[PDB]
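> Whatever this is, show me its structure:
(4 chains, ligands or ions: 7)
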Amino acid sequence: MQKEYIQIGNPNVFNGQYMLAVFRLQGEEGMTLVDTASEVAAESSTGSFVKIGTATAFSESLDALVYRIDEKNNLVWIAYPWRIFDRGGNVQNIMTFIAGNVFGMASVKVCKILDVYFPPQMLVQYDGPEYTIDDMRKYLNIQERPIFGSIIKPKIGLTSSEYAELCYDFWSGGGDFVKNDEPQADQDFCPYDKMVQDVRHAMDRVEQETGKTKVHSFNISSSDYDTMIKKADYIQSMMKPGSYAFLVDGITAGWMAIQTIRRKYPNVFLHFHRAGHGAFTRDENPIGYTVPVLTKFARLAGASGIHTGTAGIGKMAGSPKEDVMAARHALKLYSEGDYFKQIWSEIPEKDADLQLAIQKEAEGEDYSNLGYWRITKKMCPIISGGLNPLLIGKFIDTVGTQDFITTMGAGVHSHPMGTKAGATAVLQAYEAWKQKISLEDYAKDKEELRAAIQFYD
Amino acid sequence: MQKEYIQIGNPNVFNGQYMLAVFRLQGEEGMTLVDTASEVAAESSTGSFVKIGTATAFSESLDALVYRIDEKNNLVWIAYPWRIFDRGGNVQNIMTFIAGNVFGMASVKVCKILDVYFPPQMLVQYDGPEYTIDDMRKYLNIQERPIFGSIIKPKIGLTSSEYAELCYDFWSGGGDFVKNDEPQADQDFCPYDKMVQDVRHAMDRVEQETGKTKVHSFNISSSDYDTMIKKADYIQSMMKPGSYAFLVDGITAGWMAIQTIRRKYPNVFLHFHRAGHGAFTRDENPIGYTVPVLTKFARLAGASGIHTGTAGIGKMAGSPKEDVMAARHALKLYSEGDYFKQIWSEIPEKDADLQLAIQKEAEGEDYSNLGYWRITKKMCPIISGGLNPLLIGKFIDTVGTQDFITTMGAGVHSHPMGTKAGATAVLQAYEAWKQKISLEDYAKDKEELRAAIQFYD
Amino acid sequence: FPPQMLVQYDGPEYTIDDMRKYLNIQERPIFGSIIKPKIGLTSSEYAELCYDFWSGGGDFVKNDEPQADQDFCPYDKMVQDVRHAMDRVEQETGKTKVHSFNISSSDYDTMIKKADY
Amino acid sequence: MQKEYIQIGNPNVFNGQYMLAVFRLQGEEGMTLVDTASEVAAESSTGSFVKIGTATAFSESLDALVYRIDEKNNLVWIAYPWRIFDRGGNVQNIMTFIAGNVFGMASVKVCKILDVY
Ligand SMILES: O=C(O)[C@@](O)(COP(=O)(O)O)[C@H](O)[C@H](O)COP(=O)(O)O
Ligand SMILES: O=C(O)[C@@](O)(COP(=O)(O)O)[C@H](O)[C@H](O)COP(=O)(O)O
Ligand SMILES: [Mg+2]
Ligand SMILES: [Mg+2]
Ligand SMILES: [Mg+2]
Ligand SMILES: [Mg+2]
Ligand SMILES: [Mg+2]
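Numbering: from 1, shown residues only, chains lettered A, B, ... in the order given. Ligands and ions are numbered 1, 2, ... in the order given. Shown next is the protein structure:
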């Protein structure tokens, strides 16, 4: 046990100098919960496997503090002086501190970060989002309703032309948003430049035919940084402003890719695809961090949007509690975790305008105009994975909002009447939800929705 | 179940067009192993939760193939046409395919990659290492023995000057190698530029006093790529060539940072620190991929070295089996995984010179000069975590080689007589091992080793 | 100072009258505040107090004399946040405002950096 | 009296986060030495002539501390968290904190900095 990291009940951890975190910890045979907590606090801040002999009073003043313990639920509260984190809003460094070596410690059998708190003084040091769902809505000229999008399937194997065709068919069917599948890139059979050019041409045709703008999120994840920047610059040169978003495989490409795109292209929607996060977040893995934590850090890094899950309605792991908590972490000015209440404002909570905005948000009013110096911009939850027209309404009911992007892959492209019909089916299912008519009743005179009922049941 | 992805016994999977992988898979109750295998192969190549209606004959020719099943051990062999992977040797794209969304599938309760195979035709497409341990040996003018290094502790909180002092004390005590702790960067109290200048001055003093060269591995993990490049360029401007290495938090910063440093500074040792890998690799996490896999991909990306574990001797989770297998994956020309035999050569196995080199390696001879067009350069295992002078000999005995870097934090800086004494103690423990004298007997007239024995027992 | 001596020296160039023209207030004194505490606010908190003072009818805000580029109150962010706060006040009231920035620095190049920014 | 700046005997002043200073202080008639010390510590760090209502817990953690008093010799030992000083090694900013407004307070009759750590 390293007692130098144990200060149970210390009231100074709430003074704005500390980022707080809750771990579910369980050490090997012989270690108590507080012992495991002291060792984790040591390995996630200033120490190592034994008391550090070269420590100075200063470095000891920057120690992480285990300040609360719950033995029954194997919970531990640790406080991190965020001064120890790399400056310049380095988020990968935060994850290195709190989600780094502690996951490999042989003496820790369970190590799951369940919640984290960012004090306003800490929020000051980080980017936060810059282009929001509201900006995309402005470009698309669609208000209030969810943004309806698709993932082009198959995940890999189409040529650039076939890919642009599926884009055209989806948009032309009333769809608003198309994203690359996360691994689609510069494969020889699907040249990336030609993919961009064909997407542009297809978008021009849809805009001509319908008078409506559309949006495509391009995957720019690459081998190195030079290639990603090359792809992004090409897209900028080929697509009209607001008509394109930048998708990054955040987990496998890394937080640095996210922050770099956020800072280099602040006026472009940054689409944080989280392929691989399961190893961190899945309930079955006792070591890692949960999806709410991932989402809060993705907002901290500045992602315009991140996938937050379908609350168990689709095919990816999750329940209404965690996934809806994630969507609220992304959207709300005041969001509640399992253990910390978060206000996404760099201003003291006592401010009258802030409390007013919080009250107005509880009443349904927008806080986005509250002041660039006063809020962390909202981030967009992206709802994907096993969705089809039959499930969108259930999701809307579960999350309690319509401020999000849904993306459907096989839920659109496997529709018996084709992609265009699949997009029409999702729009008709949304109308069914909006008019409070059952999908069976509404589909009586909607052929596309009726076929979606046939295939997806 | 998606039958289009099951081709058990397909003899075309060994023809060099496919990267092979073994998963330990467990689906939810009601799903058979081949069912879970079909769904995993679908979500990791061309498909989704249901057969894709927009699929083409071409794209179906690029499907992943489940070609072998082991019901008893819940094992599944999948073949991925590496043509579907992003070009330019993109490793993050591979990891998105095979270790991405499949980790979030609600219907899969266990999904652990246990081994992977690279055919020569695939190896051609990737960087592999460029700066090796042999290059560092040349610079340090130390042959045969392990490279002895330290991690400066405390993990955070020292000023740039105090940090340089500990560097000086370790080097002056006979240590060869000093690395940043993984989160140390540009904290306000430890300015990065001043830290670099002080390291150069300390190194100059050691070289003056000893006539010996030294190496310091700097952490360049940053918020964005421009800051990392700024740090790298500064270090190049302040340190003599060969005297510095670049450390990157591969997991939290991302594979793109790794590949970018490899390609932009190929003549500098790339130190892949794997802070955070545990959530993927720990035995307790049923979802992820193992350490041998992580290491093989780190060699694919071109890391000069990666942490491979202490075989259970230290404090990080691991056994002799997996950790020694990882070190051999990093070092050898012919390395054995749990399920695949890997030859790190882009040349046909039948080649006489290649088989000769494999035999000569079995006899203890170096293959590094075999030809730049026919080998993937060797990668260096880095041995860290809870190590102290008492354990180094046991590690050398377990791994069966000396081509590695050991790094010790508290094993040096918590030594009762200080850092310089700790470095001398590790050197004396190595001398004890080399002469087949027990540490107990050797410490009789070696004061530093004697105090290390008393403190670390 | 005799008149022949005064010729050799600068004298002021920007006066209170120039600021009056910008502020569009005549006769009455210019009412301003020093953001307090003297040190310890983040750039956001600092801009919040600037907004609150201007919105209440104040014309002029000045840095406290030691406020600068402390790590917890980034100078560049402080400037941007003050700009946005002033923008909001101007939209809500239709009145212009003034902020006096402390450019006192360690050396001359840093002061010029701050001023140009 | 601004009591928030009085923490006599605080042992955390020796942890390296603070620059230390000794003043010879004498306030006007009616103010004790610890009174003059409270006002000087306030005006040389985070406060003013009265408690700052807009202060945050963060900002109060950066308060200067009068941690020692010598009544007989009119001496006061104050600790300044050097994190409040402008970065880039700004020395004029230190002198602005500790040798600035405190020299103009009407209520301080003697205010002499004698040593610093
Ligand atoms: O590859 C896929 O499965 C998807 O394209 C969905 O396809 P379908 O519409 O065919 O289901 C999305 O990337 C996942 O939803 C991501 O998971 P998450 O949202 O949890 O990040
Ligand atoms: O932070 C640490 O624990 C270390 O600096 C070791 O310090 P000590 O010498 O004080 O133990 C290493 O980074 C870890 O060993 C990395 O783990 P791995 O090698 O498994 O990647
Ligand atoms: Mg996808
Ligand atoms: Mg370390
Ligand atoms: Mg030959
Ligand atoms: Mg206010
Ligand atoms: Mg003042």
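> ok and the residue in the stretch 51-200 of chain A nearest ligand 4?
residue A:101 (6.0 Å; Cβ to the ion). In short, each C-beta sits where N, CA and C put it, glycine included.
> same question, the stretch 301-450 of chain A
Nearest residue of the stretch 301-450 of chain A to ligand 4, counting by Cβ to the ion: residue A:301, 23.0 Å away.
> give the contact list for that residue.
Contacts for residue A:301 were tallied using Cβ atoms under 8 Å, 6 or more residues apart in numbering or on different chains; they are A:91, A:126-127, A:255, A:258-259, A:262, A:272.
> ok, and the closest non-adjacent residue to residue A:209?
Nearest residue to residue A:209, sequence neighbours excluded (Cβ to Cβ, 6 or more residues apart in numbering or on different chains): residue A:172, at 6.6 Å.
> Please disregard the earlier target; I meant residue A:14.
That would be residue D:57: by Cβ to Cβ, 6+ apart, it lies 7.3 Å from residue A:14.
> What values do phi and psi take at the one you found?
Per-residue torsions, residue D:57: phi -60, psi -40 (degrees, to the nearest 10).
> tell me which parts of chain A are close to ligand 1?
Chain A comes close to ligand 1 at residues A:151, A:153, A:181-182, A:274, A:307, A:309, A:315-316, A:384-387, A:408-411, as judged by Cβ under 6 Å from any ligand atom.
> now with 5 Å?
Residues of chain A found near ligand 1 (Cβ under 5 Å from any ligand atom) are A:151, A:274, A:307, A:316, A:384-386, A:408-410.
> of the residues you listed, closest to ligand 6?
For those, the closest approach to ligand 6 (Cβ to the ion) belongs to residue A:307, at 35.2 Å.
> Just list whatever residues bridge to that closest one.
Here residue A:307 sits in beta bridges with residue A:382, going by DSSP bridges.
> who's in contact with the closest residue to chain C within the stretch 351-457 of chain A?
Scanning the stretch 351-457 of chain A for the residue nearest chain C gives residue A:373, at 3.5 Å (criterion: Cβ to the nearest Cβ). If you count contacts by Cβ under 8 Å, 6+ apart, residue A:373 has them with A:346-347, C:43-44, C:47-48, C:51, C:80-82, C:84-85.
> In contact with the closest residue to ligand 7 within the stretch 301-450 of chain A, which residues?
Nearest to ligand 7, among the residues of the stretch 301-450 of chain A, is residue A:348, at 21.5 Å (Cβ to the ion). Counting by Cβ under 8 Å, 6+ apart, residue A:348 touches A:120, A:354, C:45, C:48, D:56.
> Now for the second one, how many residues are close by?
Other residues within reach of residue A:354 by the criterion other Cβ atoms under 10 Å in any protein chain shown amount to 24.
> Wait, it touches residue A:344, no?
No - if you go by Cβ atoms under 8 Å, residue A:354 and residue A:344 don't touch, sitting 10.3 Å apart.
> my guess is residue A:129 contacts residue A:372, does it?
No - Residue A:129 is not in contact with residue A:372 according to Cβ under 8 Å; the separation is 11.6 Å.
> Does residue A:415 touch residue A:455 like I think?
Yes - in terms of Cβ under 8 Å, residue A:415 counts as a neighbour of residue A:455; the distance is 6.6 Å.
> Show me which of the two is the more surrounded one.
Of the pair residue A:415 and residue A:455, residue A:415 is the one with more neighbours under other Cβ under 10 Å, namely 28 against 19.
> In chain A, which residue is most central in space?
For chain A, the residue nearest the mean C-alpha position is residue A:306 (2.6 Å; Cα atoms, centre = their mean).
> Tell me the residue of the stretch 1-150 of chain A that sits nearest chain C?
Here the residue of the stretch 1-150 of chain A nearest chain C is residue A:124; by Cβ to the nearest Cβ that distance is 4.3 Å.
> what sits against that residue?
Residue A:124 sits next to A:346, C:42-44, C:72, C:74, C:77 when contact means Cβ under 8 Å, 6+ apart.
> swap in residue A:391?
Contacts of residue A:391 (Cβ under 8 Å, 6+ apart): A:310, A:313-314, A:411.
> again, but for residue A:261
Residue A:261 makes contacts with A:220, A:228, A:232, A:246, A:248, A:268, A:270, as judged by Cβ under 8 Å, 6+ apart.
> again, only this time at 10 Å
A:220-221, A:228-229, A:232, A:246-248, A:253, A:268, A:270-272, A:301-304, B:224-225 (Cβ atoms under 10 Å, 6 or more residues apart in numbering or on different chains).
> sorry, back to before: mind checking how far the residue of the stretch 1-150 of chain A closest to chain C is from ligand 5?
Per Cβ to the ion, to the nearest Å, residue A:124 is found 63 Å from ligand 5.
> How about residue A:74?
Per Cβ to the ion, residue A:74 is found 60 Å from ligand 5.
> Just to check, that residue is in contact with residue A:34?
No - Residue A:74 is beyond contact range of residue A:34, at 11.1 Å (criterion: Cβ atoms under 10 Å).
> Mind listing the shared neighbours of those two?
Counting by Cβ under 10 Å, 6+ apart, the common neighbours of residue A:74 and residue A:34 are A:25, A:27.
> hmm, which of the residues of chain A next to ligand 1 are the buried ones?
For these, a neighbour count by 16 or more other Cβ atoms under 10 Å in any protein chain shown gives the buried set as A:151, A:274, A:307, A:316, A:384-386, A:408-410.
> Out of those residues, give me the two with the largest separation.
When Cβ to Cβ is used, the two most widely separated members of those are A:274 and A:410, lying 19.3 Å apart.
> and residue A:454, how many residues sit next to it?
11.
> nope, residue A:39 is what I meant
The number of residues packed near residue A:39 is 26, by other Cβ under 10 Å.
> thought it was touching residue A:3?
No - using Cβ under 10 Å, residue A:39 is not in contact with residue A:3, being 11.1 Å away.
> overlap in contacts of those two?
Residues touching both residue A:39 and residue A:3 (Cβ under 10 Å, 6+ apart): residue A:66.
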